Structure formats: C-alpha cells, structure tokens
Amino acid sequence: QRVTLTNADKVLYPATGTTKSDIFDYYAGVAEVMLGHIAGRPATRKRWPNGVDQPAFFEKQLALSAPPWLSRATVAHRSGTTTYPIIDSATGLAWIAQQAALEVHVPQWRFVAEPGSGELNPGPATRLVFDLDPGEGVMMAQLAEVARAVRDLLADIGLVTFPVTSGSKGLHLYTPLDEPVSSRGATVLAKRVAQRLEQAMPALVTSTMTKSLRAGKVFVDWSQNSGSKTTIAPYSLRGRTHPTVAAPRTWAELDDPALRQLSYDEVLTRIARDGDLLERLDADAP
C-alpha cells in the first residue's frame, strides 16, 4: 500500500497557493477523524487535476489503472453497473490526494457483506442528512434559526443532530439512526421533517425544490436522502477558489451571526484541540 506523491509543488488553489503536498498532508492529518464517516461507503470523487481554475469532472467508476489494493464494491443501476472505490485507510486518502480528488462525496448508506456468499451489496442508510441551502440574501442568523428548529424536531424522536458547514454556501445536518433504515424510508422521514418545519415557520423555510432557489427562504433539501445521491463528505476539501472544508461545528458556534466557512489549515487546528466532533455519528466501522 505505497502511494507515491507526484507534482508535490503543483499549485491547485492559485488564490492561496496550495500545493498537492499541502493537500496530501491535510488528508494525512484528517485521516483518523474522517475515515469513519466514509468507510463502507462508495466514494464519488470530484477532481481538479489542473487546479481549481481548469475544468473538473465527477468520477464514480474506479479506473482500471487504480491500485489493486483499494476496496471496491459494485452498485447496479438501471443501465450499466458501477464499481466504486471504498476509502477506509489513510493510504486510501493518500490516493485521493495524489489523484487531485479535492472533493470526496458519499451517500448515506454502506455496503454490507452478504450473509451466505461474502461480497457486498448496497445496504440501509445509517444516517439522515438535512441539506440546508440558503436563498438570495438569506441571513446567517436565520440559517441557524432553522438548523435549531430541525434539531428540536428530531430530538422529539430521541434522535441527535450534528451540524457541519459545507465548505460552500450552506449547512448540513447529520443524524445517526441507531437502527438503520432503507434510503426510501430515510427520504420519507426527512421529507416529513422538512414539511413539518415549512409549516411551523412559513416565512423562512421551504420544502419544495425550485429551479431557481427562493429569495428570503431556506430550502430544506430532503431528497438528499435518496439512495442514489451523494453529499460532500465530512472533512472533505471543496474545489472553490479558497480551500474551504466541509467542517463539523459545535452547536454553540451556530449562534455566531458572523459564522463562516473554515479552511483546511483551520480545521487541522480544531481537530488537534477538538477530536472528532462527529465521533458518535458512525460509531461502528469498516
């Protein structure tokens, strides 16, 4: 399981001058905290081999040139069959870094070993994700107002909620399901939460997806629980002009009106101090 880094000093984030070597070291540092939330899960990559300025691509299928030691499982979808890599070692993330795969994306479900035979099919969703996407001119004080409303709705079913800023524009809320439930079921539940909130605070929340997002409201993206969709993984970098991170936050932080996204270097600092704030999210692991 050697991974040779190449183009160490190649700048991928021109704005901040972030070389592949930083990124390699970043993913080396976040490894212990990150791995648990992507283990057992099919890794979708979004790659910027030529920096965040040159075009990028999504990649699901594991290339034929990908190192044999990587874990892999197949998903069967209407037309075609996709074999994804499963990242579950620090070396796996090393590969991800070398690959210039800034972003790692996962669904909310894990592969499970077939009782009799052995090899893996997609299993039930282990967690819900609430994908909060702010509208035009949507105040931060209010984005959290909503996140808190979601938390209080879920705790009224004995479910805990963890906020993670996306590294992008909005906010993600994860909820562990002690007893896993199929993605359709996950979708059903998320959808009911969204709709119950939309009703409880009409002026700030919408459950309905719109081709151009709605001004002044927060859109609760419940269909992110569809077993066929992925959400940016916790502790992943983003391919934005600045190397921000999908970063877990404490609830206390959400009370900050001047709340903002975090950079890879800052997250690193926090981990040292904090540990994995999402520790109880995926307390079982491949």
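In this text, residue numbers run from 1 along the sequence as written.
When the Cα temperature factors in the entry are averaged, is it 36-44 or 64-72 that ends up higher?
Averaged over C-alpha atoms, the B-factors run higher in 64-72.
Looking only at CA atoms, which has the higher mean B factor in the entry: 121-129 or 137-145?
Stretch with the greater average CA B-factor: 137-145.
Deposited CA B-factor, highest of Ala215, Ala97, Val164, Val104:
Among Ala215, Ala97, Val164, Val104, the highest C-alpha B-factor in the entry belongs to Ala215.
Taking the Cα B-factors listed in the entry, which of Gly92, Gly116, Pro85, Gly170 comes out highest?
In this record, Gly116 carries the highest C-alpha B-factor of the candidates.
In terms of the chain's CA B-factor thirds, is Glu253 lowest, middle or highest?
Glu253: CA B-factor falls in the middle third of its chain.
Where the record places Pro243 (Cα B-factor, split into thirds across the chain)
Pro243: CA B-factor falls in the middle third of its chain.
Third of the chain's Cα B-factor distribution that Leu177 belongs to, per the entry:
Answer is middle: the recorded C-alpha B-factor places it there.
Within-chain third of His77 by Cα B-factor, per the entry:
Highest third - that is where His77 ends up once the chain's C-alpha B-factors are sorted.
What third of the chain, by the recorded C-alpha B-factor, contains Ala186?
For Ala186, the deposited C-alpha B-factor lands in the lowest third.
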